[PDB]
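Next come the chains, spelled out residue by residue.
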Amino acid sequence: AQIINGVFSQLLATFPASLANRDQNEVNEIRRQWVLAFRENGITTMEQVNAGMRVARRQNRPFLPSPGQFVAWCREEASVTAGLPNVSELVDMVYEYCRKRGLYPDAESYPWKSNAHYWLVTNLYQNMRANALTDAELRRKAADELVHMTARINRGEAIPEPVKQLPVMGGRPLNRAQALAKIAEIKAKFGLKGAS
Amino acid sequence: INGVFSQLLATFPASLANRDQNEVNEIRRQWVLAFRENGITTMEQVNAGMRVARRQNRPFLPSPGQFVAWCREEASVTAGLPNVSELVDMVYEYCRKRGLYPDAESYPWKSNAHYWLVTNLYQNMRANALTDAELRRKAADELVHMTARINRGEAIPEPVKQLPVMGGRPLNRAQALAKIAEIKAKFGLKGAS
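Residues numbered from 1 in each chain as written, not as in the entry; some residues may be left out. Chains lettered and ligands numbered in written order. Part of a larger assembly, values for the part shown. Heavy atoms only, no water.

### Digging into the overall build of chain B
Then step 1. In terms of helices and strands, chain B carries 8 helices and 0 strands.
Then step 2. The N-to-C order of helical and strand elements in chain B reads α-α-α-α-α-α-α-α.
Then step 3. Its C-alpha radius of gyration of 31 Å places chain B more than 25% over the 16 Å reference for a compact globule of 193 residues.
Then step 4. Based on the C-alpha atoms only, the size of chain B along its principal axes is roughly 110 × 40 × 25 Å.
Then step 5. Long-range contacts, defined as pairs at least 24 residues apart, comprise 61% of the intrachain contacts of chain B with a sequence gap of at least 6. (Helix = DSSP H or I, 4+ residues; strand = E, 2+ residues; numbered from the N terminus. Rg over C-alpha atoms; globule rule 2.2 N^0.38 Å. Contact = heavy atoms within 4.5 Å.)

### Section: the interface of chain A and chain B
Then step 1. With 15 residues of chain A in contact, the opposing surface of chain B contributes 16 residues.
Then step 2. When chain A packs against chain B, the two sides together hide about 1300 Å² of surface, and 52% of this comes from carbon and sulfur.
Then step 3. Viewed at the interface, chain B and chain A are joined by 2 salt bridges.
Then step 4. With 5 residues, helix α3 (residues 46-58) of chain A is the largest single contributor of residues to the side of chain A that touches chain B.
Then step 5. The residue inventory of the side of chain A that touches chain B, partitioned by class, reads 5 nonpolar, 6 polar and 4 charged. (Buried area = accessible area lost by both parts, 1.4 Å probe. Salt bridge = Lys/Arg side-chain N within 4 Å of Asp/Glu carboxyl O. Nonpolar A, V, L, I, M, F, W, Y, C, P; charged D, E, K, R; others polar.)

### Digging into the pattern of salt bridges
Then step 1. Tallied over the full model, the rule gives 9 salt bridges over all chains.
Then step 2. As a salt-bridge pair, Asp 135 of chain A and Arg 139 of chain A come within 3.0 Å of each other at their nearest N and O atoms. Of this pair, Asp 135 of chain A and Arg 139 of chain A both sit in helix α7 (residues 135-154), 4 residues apart, roughly one helical turn.
Then step 3. The exposure class of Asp 135 of chain A is partly exposed, given its relative accessible area of 30%.
Then step 4. Note on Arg 139 of chain A: relative accessible area 33%, which makes it partly exposed.
Then step 5. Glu 26 of chain B is the partner of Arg 29 of chain B in a salt bridge, and the nearest nitrogen-oxygen pair spans 3.9 Å. Highlighted residues: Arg 29 of chain B and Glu 26 of chain B, both in helix α2 (residues 21-38), separated by 3 residues, approximately one helical turn.
Then step 6. Judged by its relative accessible area of 14%, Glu 26 of chain B falls in the buried class.
Then step 7. Sharing partners across several salt bridges, the network here consists of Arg 57 and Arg 58 of chain A together with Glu 37 of chain B. (Buried < 20%, exposed > 50% of the residue type's maximum accessible area, 1.4 Å probe, protein only.)

Treat this as a map of the structure, not an account of what it does.
Following this line, the structure appears as structure tokens:
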């Protein structure tokens, strides 16, 4: 009650024009929605309120944010490990990969920033090439992949470290003359080569 | 701090209309917290923000985030970008006139930003069969993206160009016929005559 009233007062102070030209019924409904969101998200501490207010002040939008946006702002400090590119950055990375991957032996040789980037870019690239997606479909798929990856990260879990595929060996100290001698020796031993 | 709040109240007297002391104190606390977080602790930045607010024609009190956005926009006000209508007119003029030029770099561009915006919009329109409303939406998105890139400090690349053409041939009909005859004599091929 007191916490909710303080949050509402601070939001009104930060955003005076948010409730302009609005009757009391809309204000009460907005307050009820905020109460429901706080109860469902477990936001019952003043420290989270202060963090959310700091983020809101850092935000430059002159309108009242949605309750879910405020909850996300509060949890950003808690969920600081969720360092992932946004939709636009992911799309640009996918385009750069689609341009540059032909110059590398495999997908693991690409200069990845982290495993999350590797998995996201590879999945989006394969999906796009297999399903012949357009740009808007690619962006929708990128948003879905980001949501899925964030959900997996927030549930703990560990991102696997590719698979790689074998070494290539090498180290041949053999020249033309010695190999010709070897071929001649094989011919002499097997006799019926008849090759000239 | 207190002087900053007093100047803000003086510039926007209608902001505290029908407000009690508690709301004023909460507004002051919010402004103090915003200044602390944004690093606005010097009087020179306060004066710059006051000048920005005075240049604005809105008597309404902007949010502290909006005030910081105004300050950083005026600090980086160097942006010679057209509006949506001007961009659409430029795109239409380009689509009318570019057929008479050897390449897209020969077009009389005003700057690099205009070149990139117009070319990207032209390619997108001719590739996705955009209508007029879709063209305007795409133009708005492109302008937002270009402004965001410019505010990041990133420089705008200088097209790519493609090759010179050379020339300078002082050869006429008689000399060309002599050359052809010499080629025929050297290699035979008498059937060509």
